[PDB]
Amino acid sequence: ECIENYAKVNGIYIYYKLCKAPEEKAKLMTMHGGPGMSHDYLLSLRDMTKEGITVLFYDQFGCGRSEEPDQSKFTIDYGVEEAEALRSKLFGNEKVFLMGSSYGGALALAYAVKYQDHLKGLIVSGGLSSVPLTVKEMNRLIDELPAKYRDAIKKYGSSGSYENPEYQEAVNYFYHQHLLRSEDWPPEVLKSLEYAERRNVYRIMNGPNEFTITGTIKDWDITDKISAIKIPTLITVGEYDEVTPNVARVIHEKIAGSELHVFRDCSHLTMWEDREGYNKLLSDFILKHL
C-alpha cells in the first residue's frame, strides 16, 4: 500500500497519499476535479508506479478527508499556493510533473502560470482555461441529449427544482453519457461523488451538479494567461467528455508545443474507460521529459 498522512499545509490539515515507485524516475502530482471532489477517482493512475513514476494524490482544501478553511479561501489562487506548499514539503526543490483533471486541470494551469519552474511537464485531462466556455459547451451537450432528458434538464433546471425525480434521472443519464460511459462505475468514482455531496466545496464553488455551475468559479477564465506556460504539456480529452474537446482545443492553441489527444469513444473519466491506454500515454509523456 501507499503512504497516507495528514499534514498541516498553509494553515490547514490536508490529507495526501504518496505511492512511491521502486525506482523513482519521476514524481507526478495530481489534482482532482470538482471543485469539491476527492483524489479517489484518480486512483487508477497508481498503475504508473510500475513505470518508475511516483504518484502523489491529495484531497484539496475542504475536500474528501481534508479540513475546510474559511470560505474566503475558496479560490483557485489559494488552491495554487496549497499545491506548491505541499510539493515543497514532500519533494523539496525537485522538479515534478503535474496532472490535473476537470477543475483540477484549471488549477494545474493556474499553478503552471506562476510555478512552472518547479515543473518538468504539465498534463491536463478534461481540463479547462475558461468556465464560461465550459458552460457554453455543456449547454450544447444538454441540447444534443435525447428529448426526454434534455427537456427535464431545461424545465426543472429553469425553476431550480434540482430535487425533482425526473431531473435527477436526467442528471444521471448525462453523467453516464459524459462523465463515465459504457462502464460500471467503480467504488473509487462513487466515493469521490459521495465526498462531493458531503462536504461544502462542491456546493459553494461549483454548484448543483457538473452541468450546473452556479458556484463562485462560474466566471473564472485564465485563457489570456496560459500562453505564458512554456513547459512540455500533454492535453487529453474524451470524445464525449463533459468538458468538450473544443474547450481542450483552446488550451492547446495557447500553449506552444502542447500535444492534444482526443480519446474516441471515451468521456471525462478516461482513466477508467481506457485505463491502460491512458496510463500508457501519460507514462510515455513523462519518460520522454525526464
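Residue numbers here begin at 1 and follow the sequence given.
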Which has the higher mean CA temperature factor in the PDB entry, 231 to 239 or 48 to 56? 48 to 56
85 to 93 versus 101 to 109 - greater average Cα B-factor per the deposited record: 85 to 93
Given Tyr195, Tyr115, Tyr162, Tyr78, the residue at which the Cα B factor reaches its maximum: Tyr162
Which of these has the highest Cα B-factor in the record: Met205, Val131, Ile142, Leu119? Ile142
Should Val9 be placed in the lowest, middle or highest third of its chain by the C-alpha B factor in the entry? highest
Ordered by C-alpha B-factor within the chain, which third holds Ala147? Give me lowest, middle or highest, please. highest
Is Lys280 in the lowest, middle or highest third of its chain when residues are ranked by C-alpha B-factor? middle
Splitting the chain's C-alpha B-factors into thirds, which one does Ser158 fall into? highest
Where the record places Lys20 (Cα B-factor, split into thirds across the chain): highest
